[PDB]
Structure formats: structure tokens, C-alpha cells
Amino acid sequence: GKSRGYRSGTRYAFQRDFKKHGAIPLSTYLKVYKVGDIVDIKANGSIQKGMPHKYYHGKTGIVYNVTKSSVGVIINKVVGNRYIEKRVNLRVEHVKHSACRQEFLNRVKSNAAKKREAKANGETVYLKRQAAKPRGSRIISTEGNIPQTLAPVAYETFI
Amino acid sequence: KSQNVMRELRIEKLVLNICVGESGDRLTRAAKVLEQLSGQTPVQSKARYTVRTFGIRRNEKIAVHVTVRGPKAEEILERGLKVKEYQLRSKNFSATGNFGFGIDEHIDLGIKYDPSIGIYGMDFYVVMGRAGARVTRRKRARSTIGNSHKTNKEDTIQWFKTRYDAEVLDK
Amino acid sequence: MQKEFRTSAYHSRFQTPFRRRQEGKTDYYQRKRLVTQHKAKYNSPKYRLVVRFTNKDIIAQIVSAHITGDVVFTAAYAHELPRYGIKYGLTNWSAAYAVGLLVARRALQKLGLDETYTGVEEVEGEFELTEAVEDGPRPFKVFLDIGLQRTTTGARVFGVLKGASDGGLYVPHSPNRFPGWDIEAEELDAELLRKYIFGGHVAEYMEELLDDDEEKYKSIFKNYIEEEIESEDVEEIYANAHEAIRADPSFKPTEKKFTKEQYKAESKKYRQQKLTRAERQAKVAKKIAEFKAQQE
Amino acid sequence: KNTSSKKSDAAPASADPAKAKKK
Amino acid sequence: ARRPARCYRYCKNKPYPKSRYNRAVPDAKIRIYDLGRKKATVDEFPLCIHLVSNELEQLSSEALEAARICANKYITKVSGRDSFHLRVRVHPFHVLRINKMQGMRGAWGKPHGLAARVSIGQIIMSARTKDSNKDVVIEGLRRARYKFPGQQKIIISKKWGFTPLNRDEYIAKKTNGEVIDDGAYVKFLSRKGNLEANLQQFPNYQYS
RNA sequence: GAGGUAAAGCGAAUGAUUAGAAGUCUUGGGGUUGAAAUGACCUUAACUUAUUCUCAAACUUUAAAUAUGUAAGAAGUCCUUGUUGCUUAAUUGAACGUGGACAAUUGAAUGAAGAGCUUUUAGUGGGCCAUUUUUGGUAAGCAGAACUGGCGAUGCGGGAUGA
RNA sequence: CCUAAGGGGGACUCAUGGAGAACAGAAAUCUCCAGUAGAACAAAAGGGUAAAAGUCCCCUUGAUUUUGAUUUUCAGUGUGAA
RNA sequence: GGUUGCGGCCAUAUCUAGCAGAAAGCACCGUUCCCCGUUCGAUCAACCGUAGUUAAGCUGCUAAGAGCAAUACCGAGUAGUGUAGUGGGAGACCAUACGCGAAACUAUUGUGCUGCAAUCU
Ligand SMILES: NC[C@@H]1O[C@H](O[C@H]2[C@@H](O)[C@H](O[C@@H]3[C@@H](O)[C@H](N)C[C@H](N)[C@H]3O[C@H]3O[C@H](CO)[C@@H](O)[C@H](O)[C@H]3N)O[C@@H]2CO)[C@H](N)[C@@H](O)[C@@H]1O
Ligand SMILES: NC[C@@H]1O[C@H](O[C@H]2[C@@H](O)[C@H](O[C@@H]3[C@@H](O)[C@H](N)C[C@H](N)[C@H]3O[C@H]3O[C@H](CO)[C@@H](O)[C@H](O)[C@H]3N)O[C@@H]2CO)[C@H](N)[C@@H](O)[C@@H]1O
Ligand SMILES: [Mg+2]
Ligand SMILES: [Mg+2]
Ligand SMILES: [Mg+2]
Ligand SMILES: [Mg+2]
Ligand SMILES: [Mg+2]
Ligand SMILES: [Mg+2]
Ligand SMILES: [Mg+2]
Ligand SMILES: [Mg+2]
Ligand SMILES: [Mg+2]
Ligand SMILES: [Mg+2]
Ligand SMILES: [Mg+2]
Ligand SMILES: [Mg+2]
Ligand SMILES: [Mg+2]
Ligand SMILES: [Mg+2]
Ligand SMILES: [Mg+2]
Ligand SMILES: [Mg+2]
Ligand SMILES: [Mg+2]
Ligand SMILES: [Mg+2]
Ligand SMILES: [Mg+2]
Ligand SMILES: [Mg+2]
Ligand SMILES: [Mg+2]
Ligand SMILES: [Mg+2]
Ligand SMILES: [Mg+2]
Ligand SMILES: [Mg+2]
Ligand SMILES: [Mg+2]
Ligand SMILES: [Mg+2]
Ligand SMILES: [Mg+2]
Ligand SMILES: [Mg+2]
């Protein structure tokens, strides 16, 4: 007999973290979610109402609806050869703001401040990010660092 | 300082046990004797589980006990120490500073005998404690009592010998 | 031979509760229920009336909760009452009513809701809730937070409740936990509530004890004896205070005999200070050496 | 009249451990 | 009854131990793992010789018992029953299955025997004895090698007996008072924990 | 962001498991009894303490690699104040807006015979093979899954010959 | 299977061990201390739960009405369930 | 800086054993007419702040403490693993190549930080 129930295979996924069981710290209930916010979904095993399905555990999406104790999140789920918009109702215990917004919103502010300062200075500044490039030339001083010559060591048994 | 007023040993409570092995009228009579002696409605204890050998079943009312505190506890206690001629054992004192003994007839205590009631033996246990035990029993900010403020076996035995001029043998 | 319980594995796998639960001070079940706000009322906070009783003081605070910690809006303590004319019995049920009214009036003054939402100016002890004024801003809403204190009919926390309700704050409540509620006949004897508001029970105790055990009235109610205040003039003590509380509910801080820095330096004079690593190394070496004396 | 109430969550059992005549 | 061992040589299945899920498992033929003078102190038998697996393989409990008896017998024959302490270092916890005891329908097998799953470089047998008994103990192991499938190497340990210390580090730590006897084994001094208890347990501790 | 597989662990929980050692008032027994005292002794067995060998698909604190969700702007960021029967104690907010500011380095790489959209219909719905992960089985040119690539549907050069 | 084993509130803390109390003993009842859950939660197992979701008490019927949206299985049809 | 009330993160905060703690606060502490709850004013309820105490709670310090946290020319570029070959080996398995890379262990260091309000020698 095959078993494919709603919470099948969630033995470890829906567990609380080790030494992190019990009551929810109330910052979870004090956070404010607005329509358009990006939130990660991670199911709390101790709150059984409003739990996401195991598919959305570990997924990240956008809030589209705000209710008394829950938020609505839009997830794009792959079904065959296209994506389908899934609209999941989640209590805020299973939701956390995505930390990817605050870095990108910070890169926008930093770009704006430098650009307006080069404009103030009558100069130019380049803002496109670049991947790490190969390192330049350099000179190695040997004062205190004359090279030590190594050789492969013979075979030994240590038991 | 070890000689502080608030370190004074004193009785917190005395608990009265009659473990009648059966149910019905006899247990009711034990409750009546306890109500006579203490002046308070006693409480009936139900078996926590069933034993056929003892003739008890779970939730069958077997025993009766009552808790008394204050001056009355001292009076009932001295009435019971009179039956023992003021001579307890070393073993009778627990490591937590509590002590107890057991009488065999309740008319030796000094109450009227009724043939209908009969005689019940009775079991006595005293919970000793200094001031400040409410710390471990209050609702808000419950904590433990520090080790020096705790009641132990030796302090209670010495306190009992001094306050009652009795001897605690150790056979 | 029994098993040792406090093993190293026992300490390793132990999960400490929240710090303020292990102190036995916060009921986080009730706190969560009080604080959480409808998420569609996005940043509008819910306001709590925290009421706490010490052996000598009544603390009443209006609090809103935030992620960095709770923030006090206003606070009224029972030791402010001597300014208003109540110097003794700083833990009456009536002192609780006075503290609630004081914190209510002070909060409405801070907000600007004085002429509108005065409250029950003629206190007869009847159950009543502050109704909003039509075509105007709603009254300041606060929910009572009694903490760990048990809810009993006749408790002092509901004295702060009734005072704050009469002070103009809208605090949702029912009268069945007030003194004077008949549980058999589900109606409130408002006469007995008015009695409790103006120290009637204490006054009845003064007259009844002086005429039975005069010596005991001399020990329990000394301060009343040295002020020549009898039972018959207790009601006015609160009634005057009430008026004064409504006349100027503003907070006056104690003139400070010292500044923060002198207090800090004096307290800093005490408090043991941690030993340096070298110090404890010398200490351990000394103890190691001093263990020789039992080689036998 | 008044009776002690139950505190032990092992309400549904049968006998008890610890019991076993051998000890 | 018993199939040839070639049918169960390789670790083809996941570990299948006795558990709450299979209970009707026979007992391993090997029950005895320490032989010779197992109560000897650490200084009596300084020389250690291991029989090490050079194969990732399964060894039956039957083979373990046979090799153990062979080695024990030879060494007691040549050097005496009190000249060594032999220890078998692998325990057969993996249950083998047999099917017939129609066709392939419902073919989940029943417990048939037990085997130890050994790795490359894993020690199978350890023998602590005196040095003068080296050539004896080695030949005792060389015969036992014949009862096993695959390749095994006889390696003389650099360490003192069954301790994790080399034959030189043990002498340094012993003359420094950091080692005490515990019957057949020893306890080493720790520079962590209760100072008084550590000092009490090691009176001869020359502190630095 | 999520994960609980490889590995690792067992003087960490659970469960399993080899060996001694030191101790304890229900030591579990035998033995030397002294006349009986349960109060010693020799012993084996229990427990307790600190150690020791070996383990887990349906154990686990930890915990990869590979694989996996989101974001990387003009539909963006900020300022001001309009609408509402929703919301706030509110002149507080929510959503959607008017007006204003930030100009081609408009905010990573690489590519893009361009992107988006619609209708209609065929055949097919027995599969098999190779590497690797993997289950049952002693195993099978056996049976069953995972990813990819293939044969089928494909000739050509090589493997003599061979899907 | 359950008028509670549903709903709300409140109070309490469970398994187990040690030390103690007439008959009473390994197991009857009482007391203190310890006690991260080693228990209990109808029924398989897993997850979850400690001023509770467990034990006890009080009051109840939200196991009610109208229909929409969504999640799982999915063709993104139905049914069940949420 | 101490202290109280309400807190955030939830052991660097816990556990065990000692010792110390000015001021204020907190606390233990005294009493039972009244509201209230108990077998028991022990808990809960109310009153007094009067008769007493820092003994306890609490706070701080001590401990080659247990536990916890952090760091690393610690272990270890080890185990494992993505990719490759008409590589080795009868096989089991192993080496090499381009990449990623643990856990245990060891050593060292640390033992709450902090928001709002009030108060104090
Ligand atoms: N091991 C046998 C002994 O050593 C020598 O024998 C040598 C060889 O005969 C023997 O080699 C055999 C080989 O014969 C046979 N055809 C193939 C087999 N795999 C090899 O086996 C060898 O190598 C494998 C590793 O590949 C090892 O696992 C195994 O232990 C080893 N014997 O192993 C030795 C070298 O590896 C002596 N000639 C012989 O007399 C003696 O018994
Ligand atoms: N970052 C510039 C972007 O321009 C885009 O589009 C711009 C235009 O391409 C687009 O078209 C606009 C049209 O909307 C508006 N109602 C009239 C206007 N003439 C058009 O714009 C264009 O059309 C003409 C005619 O061919 C061109 O010659 C000329 O390039 C330009 N004026 O509208 C925008 C200008 O109003 C986005 N729509 C705009 O939101 C965004 O700011
Ligand atoms: Mg439900
Ligand atoms: Mg509550
Ligand atoms: Mg054959
Ligand atoms: Mg799994
Ligand atoms: Mg696993
Ligand atoms: Mg593994
Ligand atoms: Mg590990
Ligand atoms: Mg283990
Ligand atoms: Mg370990
Ligand atoms: Mg174990
Ligand atoms: Mg067709
Ligand atoms: Mg078709
Ligand atoms: Mg076919
Ligand atoms: Mg066909
Ligand atoms: Mg075909
Ligand atoms: Mg081809
Ligand atoms: Mg060809
Ligand atoms: Mg060929
Ligand atoms: Mg239920
Ligand atoms: Mg119910
Ligand atoms: Mg409750
Ligand atoms: Mg356990
Ligand atoms: Mg257990
Ligand atoms: Mg619609
Ligand atoms: Mg559907
Ligand atoms: Mg459906
Ligand atoms: Mg179903
Ligand atoms: Mg439903």
C-alpha cells in the first residue's frame, strides 16, 4: 500500500530546530507584512493552523493578501512545461521577510549617493557590478621569508 | 549570620493519614474521627490504581487524610507525642527535615470512644520549615530556597529535642 | 544505588525557557494574545494597561509593544498619591482606583482628550463603559494586562480597571469581578462598589475594631491616629483626591538629590570586579601547591 | 464530602511498574 | 543448511541489524571477544599486533569464531594461556537473509545468519603480548588469516598495548604521572575540570 | 533562503554491544561458622561511578558535494499631498493616485536566425540499453525505481563479428 | 470512536527516583526534595505540545447559517480532506 | 552604575557548591472585619507598612567546575563528493586529473547584551 498524505515525508522538514522548540518569540507576531513584500516560507511544526504544504517549505514569494493572522503569498510552481501561479494562505508563524530585498535596496541607495556626489564633483562614477577579476602583478619580499623547500614524505603505518 | 530570627525552624503543617484498606462505612467513620480531632472536613483519597490482593480498585475511596496548620497543629502534635511518651527514632526523620510517627489507637489521643465508630490507628507527618518558604510556593517569581536556609535531618532532630525535651533513639 | 541525575548530557540537551519566563514574571501565552494586532491594521499598535502590585506599590503603565522592547506611553505609581492627598494605605482597593484614574487622566492630558471624554464625574459605583462621542475621534482604547495575578471577584487590579474606565479610557470589561457582584443574582450592587471606591470597607473595619479591640486599632492604624483622621472622614480623603487628580494629572518627577553620575559612581564603589586571567592562574597554582599536604 | 483530585496523567493504566514481588 | 560464504561476501545491501522490525534473528556464532589474560595491566603487554582488512567486505560470524579459536589455540599451545590478550575488533551486526527457507513472488527473505561489515584498513583482530612472544603471536594470526576471505595484513603497532599512545609517548606520560591503572586499561590526566578531583586521582602529577 | 543524504557520533539522547576496575544499608546466592545476633569475613551475581571494543534503512548533536527557491530597478527609489463606506485615540495607516527630483554605466556575466500570442489536427500511450545512485534476489543476457545520455527512429569510421 | 475525547476560560504539572509515616510488605495512603518531559493527548506511526495541547474544574454547543477564494491529489476535472 | 515595572534577542543568560551585597527598590515578613478561595488565609482574596529580617528570594564575585558561546598554521585539505579517461585491479575496490569540501578531536578565549518608563547614598 502506497501512502501519499498531506504531511507525508515531513518528519525532519517540519521539526523545530534542536533546542528551539516551544513558544514562538513574539517578534514573529510583531513583524508587519505589506502587499508586495518578499517572504520566505518555513513551516512551524508547532502551529498546525495555516501550515503551508511541504512543497512551499523553503520557497520564497510575494505577499498579495493580508488578513487577521495570515498572509497570502504568490509562488510560481512548475507543472510540466510551464509555471502555475499558486496562492497559499499562511499564518505569520510560517513566514519571514526575505533578506534579499534589503541588500538590493541598499545597493540602490549607495548608487544614488555616489552618483549625486560625482555630479557634485563634476566627475563620473561607474556603478555596474563586476565579478571578481584576476589579480594583478606583485612582488614578494624574502626578508624573513626565504623559501623553505618541501619534499613528499615516505609511507608509514600509524596503527 | 546563622543566628538570625528568620532562620527559625517552625512547623509548616501536619498531615493526618488513615489508610483504611476498604470502602464504605468504615472509611466514613475514619473521616468522622478526623473531623472530630481536627475540627476540619478531611479529604478522602482514592486508589491511584487497582490491587486485588489489597482488595482495592482504582478510584475506590480507600484512605482519608487532613492537613492542619498553626497553633492547632502544635496541640494535636503534642497530644500525639504524649502517646509516644516523647520518644521518637532517628530513622523517623527525613533527609528533607520532616518527621513522622504512627499511633495505633485514636482514643489514646484523648477523644471520646464510640462503639459504633470503633478505633482507628492514625499516622502523623510534620512538614518543617523556616520563614520564606512562600518563595517556593508563591505564584509569581517562584524560585528555590538556598542550601543554608533548607531544613535538614540534623537541624530538625536537635530542634525537636530542644523544644520538647525528648530523646530520639537510634535502634 | 540510584542513577546520578545531573549528568553532563542532561545539561547539554537542556533547553532554557525564555529569560523572563524562568524569572516567573511573564505569561507569554497571555502576552501573545494581548499584543498581537490584526495584520491588516499594519503599524497601529494595541495598547496595554499593565497593572502590577508590590507589597508597597501599585504600578499602572500604558504600554505598546515593539520589536526592540515595550515602550511606555504614560505611567502612574501609587507613591504619587501623597501629592494628591492620599498618604496611607497605598495598596487599598481604593488606592488602585485612584491610580487608575490618575493614569487615565494623565494619558488623556498627554493626548489632548480632556474636555471631551471626562468620564464619570459623579462616581456612584454603577457599571458603565466610556462611549465614543458621535462625530468625533474615538476614545483611547487600552486592554488590561494583569500579568500573573489571579482574576477574582473583589481583586484590586479591577480597582485600577474601574478608575481608568471612569477616567475616560475605554477599557472593555464586565462588572462580575468587581466588589459587590452577586453571583447568585446576576446583578451588581453598585452601592457596594461605591463603598469600595471610597474606603468604606476599611472605615467599617476601623470603627468595628476600635470598639472591639481598641488596642489592635492602635497598632494597625497608627498613622491615622497621629493625623487625627477617624473613619467618618475617610470618604472625603478619596473624594478630594479624585478632584485634585482631575485638576492636575500631570507627572512631576521627584527632585533628584543627586545626578545620575554621582549615583553611578557611588554604586560603582561596591560590586565585586572580575579577576584577571593571570590572577586566577596564580590562584589555581596556589591551590594546586596547597593540595600537597595530603599526599599521606 | 471533599476528595483529593487526580494529578497523574497516567489515568488509563492497569497496575504499576516498581511492583514485582522479586524486590 | 548454510550456503557457501561466497553468496554473502559483498556489502550489497544496506545494513540490516536486529531491531524492532526483525526480531526472529538467530544468535551470532561469535559471543566471546576477549581471550587470554584479559585482566593483565597495560605494562605487562606492551607489544600490539593487528590483523587489518585490506578489503571492503563482509566476514561471517562463523569465520570470526573460527579464526578466533584458531589464534587462541595456537598461542596458548606455544606460549601459554597467560601470555597474551586477544581482542576481536569487529562485531557481526548485519543480518543476512535467505529466501527459499511461487518462484520470485513474495521473495523477501528470512534471517539466515550474521556478518560484520569491514572497511579498508579496518582492524579485525588485535593481540597484546610481550615482545619475546612476537613471532608466536604473528604466526597465531597468520593461521587465523586462513579462515577469512580476502586479504588481511599483519601489522605490528607502534603503540603501547591497546592504548592510543606510541611506545615512547606512553613512557613520557607515565613517568610524568599522567597515567593511572584502571584494571586492564588506564586513565589519562586532564587539564580541564575540577582541580581538586584531577589532583586527587593523580597524586604523582609533576605539574609544570 | 530551505534540506537531513554521503560523511561523522556513541567517555552526546534512543536502541544495540565486548572487557576489565573501584565502590554501595533492600548486595541475589553459595561457603568459614560463632550457639543465635544480618551484624563481619572468602566468593560469585546485581546495581552505581569513571573508563573500554564494536554498531543503526525505518537512531542522532553536527553535517557536505551535487541538485533546489527568491532577488539583481524606469512597472525602480525618494519627496509632497488627493480619494475611501476600510483602519487608527488621532490629522494614525492601507491601497490606488496628482505633482516634483534622480537620463543613458537605467544599476552583474554570457548568449540570443528576435520576442509574444492563438487555433487546429496526426501518430503515440508494449519499450529497451550504457555509466552512476539504488531495491528484492545466491545470482541471472532476472525483476523494479532516480538523473543524464543513447538505441528504438541512425547511416558512417573503430571494437574481426554484434541495436 | 467521542455531548465530549468538540469550544472557551481558569487552576495545576506528568513518567520516574531518593528520603521519610500504625497494621502496610516490592505494589494501598500520606510528606518533602529532585524531576526538559524520560508521561499523557481514542485508535497505526511520525511530527507537535509544560504557568500547555497533558491532569482537574466551571460554563457551553462554532459539530450552527449564506455562499465565494485557495492548498493537496490534479487534466490544475471530480471526490475526500484542509 | 544599582533597583523596580514592562520587554527584545532567548544559556556568553542555564545547573552545582561557596562567599559578599551600601542606598533605594524588591522581598520575606504582620493581621483576617470586609470582596474572594481553600481539608488547611499554605496557595488564592482582602487589610496594615504597623511588630521584625537581609536568613531566604534577588544581585554580584569565587571554581585548571559541568554545560553553553566564539575563534583557529587544531585535526584536515583527511572523510565524503560534482566532473574525466579504451586509467589500475579477476573482482572487491583503488590511484590520478579539474573542482567543492565536512563531523568528531585538540587548543585558546569568553560567561549576557540591550529598549521604554520610573527611582536611588
Ligand atoms: N598472495 C600469494 C603469495 O604471494 C605471492 O603471490 C603473488 C600473486 O600470485 C598474487 O596475486 C594474485 C594473482 O595471482 C591473481 N591472478 C589476481 C589477484 N588479484 C592477485 O591477488 C593479489 O592482489 C590483490 C589486489 O589486486 C590483493 O587483494 C590480494 O591480496 C593479492 N594476493 O599475490 C601476490 C602478489 O600480489 C607468491 N607468488 C605466492 O606464492 C604467495 O602465496
Ligand atoms: N524610461 C522611459 C520609458 O518609456 C516607455 O515608453 C515611452 C514611449 O515609447 C511611449 O510612447 C509614448 C506614448 O505613451 C505617449 N502617449 C505619446 C508619446 N508620443 C509616445 O512616445 C514616443 O512616441 C513618439 C511617436 O512615435 C516617438 O516619436 C517618440 O520617441 C516618443 N515621444 O510612452 C513612453 C513616453 O511617454 C514607457 N512607456 C515609460 O513608462 C518609461 O518612462
Ligand atoms: Mg483543525
Ligand atoms: Mg490568563
Ligand atoms: Mg554446492
Ligand atoms: Mg529521509
Ligand atoms: Mg541517516
Ligand atoms: Mg551513514
Ligand atoms: Mg558526528
Ligand atoms: Mg548511544
Ligand atoms: Mg561523546
Ligand atoms: Mg547506552
Ligand atoms: Mg488520438
Ligand atoms: Mg491518444
Ligand atoms: Mg514489452
Ligand atoms: Mg499497444
Ligand atoms: Mg516500434
Ligand atoms: Mg547512431
Ligand atoms: Mg563497421
Ligand atoms: Mg572483440
Ligand atoms: Mg482535545
Ligand atoms: Mg473541552
Ligand atoms: Mg489553561
Ligand atoms: Mg532519556
Ligand atoms: Mg527510559
Ligand atoms: Mg469571485
Ligand atoms: Mg481544483
Ligand atoms: Mg478537491
Ligand atoms: Mg485522502
Ligand atoms: Mg472543513
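Numbers below:
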{"quantity": "Candidate set from the stretch A:74-95 (those that are assigned to a strand (DSSP E or B) and within 13 Å of chain C (Cβ to nearest Cβ)); member that is surrounded by the most Cβ atoms within 10 Å (Cβ to Cβ)", "calculated": "A:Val95"}
{"quantity": "Elements of type strands (runs of 3 or more DSSP E) in the stretch E:150-189, at least 2 residues being within 16 Å of RNA strand H (Cβ to nearest atom) and within 30 Å of E:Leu56 (Cβ to Cβ)", "calculated": "E:152-156"}
{"quantity": "Residue satisfying condition, being touching a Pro at 6+ places or on another chain (Cβ under 6 Å), part of a helix (DSSP H, G or I), more than 14 Å from chain E (Cβ to nearest Cβ) and near RNA strand H (Cβ under 9 Å from one of its atoms), within set C:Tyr224, C:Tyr205, C:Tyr263, C:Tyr196", "calculated": "C:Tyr196"}
{"quantity": "Flag for E:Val52 being within 16 Å of ligand 1 (Cβ to nearest atom), under 22 Å from E:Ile30 (Cα atoms) and of a type in the set (A, V, I, L, M, F, W, C)", "calculated": "yes"}
{"quantity": "Residue match in the stretch B:137-153 (condition: away from chain C (no Cβ under 14 Å) and touching a strand residue (DSSP E or B) at 6+ places or on another chain (Cβ under 8 Å))", "calculated": "yes"}
{"quantity": "Subset of the stretch C:29-46 [more than 10 Å from RNA strand F (Cβ to nearest atom) and surrounded by 13 or more Cβ atoms within 10 Å (Cβ to Cβ)]", "calculated": "C:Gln30, C:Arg31, C:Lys32, C:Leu34, C:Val35, C:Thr36, C:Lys39"}
{"quantity": "Every residue from the stretch E:43-63 that is away from RNA strand H (no atom under 16 Å from the Cβ), in contact with a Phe, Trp or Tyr (Cβ under 8 Å, 6 or more places away or on another chain) and away from every other protein chain (no Cβ under 14 Å)", "calculated": "E:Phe45, E:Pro46"}
{"quantity": "Residue match in the stretch E:155-162 (condition: touching a strand residue (DSSP E or B) at 6+ places or on another chain (Cβ under 6 Å) and within 16 Å of ligand 1 (Cβ to nearest atom))", "calculated": "yes"}
{"quantity": "Residue check for A:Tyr64: more than 7 Å from RNA strand G (Cβ to nearest atom) and buried (at least 17 other Cβ atoms within 10 Å of the Cβ)", "calculated": "no"}
{"quantity": "Flag if E:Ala144 is touching a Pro at 6+ places or on another chain (Cβ under 9 Å) and away from every other protein chain (no Cβ under 14 Å)", "calculated": "no"}
{"quantity": "Close pairs (8 angstrom Cβ cut-off, 6 or more residues apart or separate chains): at the interface with chain C (Cβ under 7 Å from one of its Cβ atoms) in the stretch E:195-208, surrounded by 12 or more Cβ atoms within 10 Å (Cβ to Cβ) and of a type outside the set (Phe, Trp, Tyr) anywhere", "calculated": "E:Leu195/C:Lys287; E:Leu195/C:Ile288; E:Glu196/C:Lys287; E:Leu199/C:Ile288; E:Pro203/E:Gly177; E:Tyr207/C:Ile288"}
{"quantity": "Residues within the stretch A:23-57 that are more than 8 Å from chain C (Cβ to nearest Cβ) and either of a type outside the set (A, V, I, L, M, F, W, C) or assigned to a loop (DSSP other than H, G, I, E, B) (or both), tallied", "calculated": "21"}
{"quantity": "Condition check for A:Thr60: within 14 Å of chain C (Cβ to nearest Cβ), within 12 Å of RNA strand F (Cβ to nearest atom) and out of contact with any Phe, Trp or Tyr (no Cβ under 9 Å at 6 or more places or on another chain)", "calculated": "no"}
{"quantity": "Residue that is nearest to the other protein chains (Cβ to nearest Cβ) [pool: residues in chain D that are over 26 Å from B:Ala30 (Cβ atoms) and not aliphatic (A, V, I, L, M)]", "calculated": "D:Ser14"}
{"quantity": "Single residue of E:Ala40, E:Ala71, E:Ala66 found to be away from ligand 1 (no atom under 16 Å from the Cβ), more than 14 Å from chain A (Cβ to nearest Cβ), under 19 Å from E:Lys134 (Cβ atoms) and part of a helix (DSSP H, G or I)", "calculated": "E:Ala71"}
{"quantity": "Sole residue being out of contact with any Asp or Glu (no Cβ under 7 Å at 6 or more places or on another chain), within 22 Å of B:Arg140 (Cα to Cα) and within 16 Å of ligand 4 (Cβ to nearest atom), chosen from C:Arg33, C:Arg48", "calculated": "C:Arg33"}
{"quantity": "Every residue from the stretch A:16-38 that is surrounded by 14 or more Cβ atoms within 10 Å (Cβ to Cβ) and either more than 9 Å from RNA strand F (Cβ to nearest atom) or more than 17 Å from A:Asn89 (Cα to Cα) (or both)", "calculated": "A:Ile24, A:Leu26, A:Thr28, A:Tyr29, A:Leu30, A:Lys31, A:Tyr33"}
{"quantity": "Total residues in the stretch A:33-86, condition of a type in the set (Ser, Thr, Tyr) and in contact with a helix residue (DSSP H, G or I) (Cβ under 6 Å, 6 or more places away or on another chain)", "calculated": "0"}
{"quantity": "Qualifying strands (runs of 3 or more DSSP E) (wholly inside the stretch B:64-158; at least 2 residues being among the small types (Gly, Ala, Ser) and within 9 Å of RNA strand G (Cβ to nearest atom))", "calculated": "B:99-103"}
{"quantity": "Output for the stretch B:6-50, where each listed residue is small (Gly, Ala, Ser), assigned to a helix (DSSP H, G or I) and under 21 Å from B:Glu60 (Cα atoms)", "calculated": "B:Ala30, B:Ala31"}
{"quantity": "Subset of the stretch C:47-68 that is closer than 28 Å to C:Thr91 by Cβ and within 11 Å of chain A (Cβ to nearest Cβ) - its residue that is surrounded by the most Cβ atoms within 10 Å (Cβ to Cβ)", "calculated": "C:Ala65"}
{"quantity": "Matching option when the condition is among the small types (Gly, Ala, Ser), under 30 Å from C:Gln281 (Cβ atoms) and within 16 Å of RNA strand F (Cβ to nearest atom), among E:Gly193, E:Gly183", "calculated": "E:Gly193"}
{"quantity": "Candidate set from the stretch A:77-101 (those that are under 17 Å from the mean Cα position of the chain (by Cα) and not polar (S, T, N, Q)); member that is farthest from ligand 6 (Cβ to nearest atom)", "calculated": "A:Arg101"}
{"quantity": "Pair list, Cβ under 6 Å, 6 or more apart: the stretch B:61-78 residue among the charged types (D, E, K, R), other residue part of a helix (DSSP H, G or I)", "calculated": "B:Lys61/B:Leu27"}
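Neighbour counts run over all protein chains shown; Cβ positions are idealised from the backbone, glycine included. No value in this document is a laboratory result; all are computed from the given coordinates.
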